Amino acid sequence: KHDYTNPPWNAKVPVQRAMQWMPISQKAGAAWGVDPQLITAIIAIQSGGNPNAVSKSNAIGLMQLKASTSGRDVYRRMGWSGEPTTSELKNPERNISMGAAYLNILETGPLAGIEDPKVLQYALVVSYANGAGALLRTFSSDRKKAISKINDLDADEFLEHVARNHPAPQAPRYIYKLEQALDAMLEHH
């Protein structure tokens, strides 16, 4: 019921720009067990493939990591102290390595137990940008119960649930933008 396809998003240039980094995304995806096409879609959607992108809240670089949030999570998972600096997050190789780690952190953490890889992919794009917590709580206040209910859905039912029930209108739009980006990636071989 969110009008999430409006306005139409043309993925062509954002993905063309995100694809410049694909040699890195291939290696980061291999290192973290993460799909390089999901990494590429998230670069296209979050930064437009601009390695110097900086958000209003100082999310930095191709995969829009915030030093005091996503960067801290990447440092904690790695057993490192403190948080990355702005300069480290601007480096395309390190930015993408950290975004891939954050995707692994979401997959192996809050979203652990999701069975269908396509449902997991939709869950990750919505969680990356809007929070794994907010998404899970649309299903249930018990995480374990939310994963159970998600595992009873196919990808189309998952999207339909997010479109009808997610408080954030951008949540279902991330899934739409992901599909536009996967379509545009079909033109790159």
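When you see a residue number, it is the position in the sequence shown, counting from 1.
Legend entry - Average Cα temperature factor in the PDB entry - higher stretch of 20-28, 164-172: Comparing 164-172 with 20-28, the higher mean C-alpha B-factor belongs to 164-172.
Legend entry - Given 75-83 and 95-103, the range whose Cα B-factors average higher in the PDB entry: Looking at the recorded C-alpha B-factors, 75-83 comes out higher on average.
Inset, instruction - Tell me, please, which of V54, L62, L38, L136 has the highest C-alpha B factor according to the deposited entry? - result: By C-alpha B-factor in the record, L136 ranks first.
Inset, instruction - Please work out which residue in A67, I147, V126, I43 has the highest C-alpha B-factor recorded for this crystal structure. - result: The listed residue with the largest C-alpha B-factor is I147.
Legend entry - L120, C-alpha B-factor rank within chain (lowest, middle or highest third): Its C-alpha B-factor, which the entry lists for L120, ranks in the lowest third among residues of this chain.
Legend entry - Where the record places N50 (Cα B-factor, split into thirds across the chain): Lowest third - that is where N50 ends up once the chain's C-alpha B-factors are sorted.
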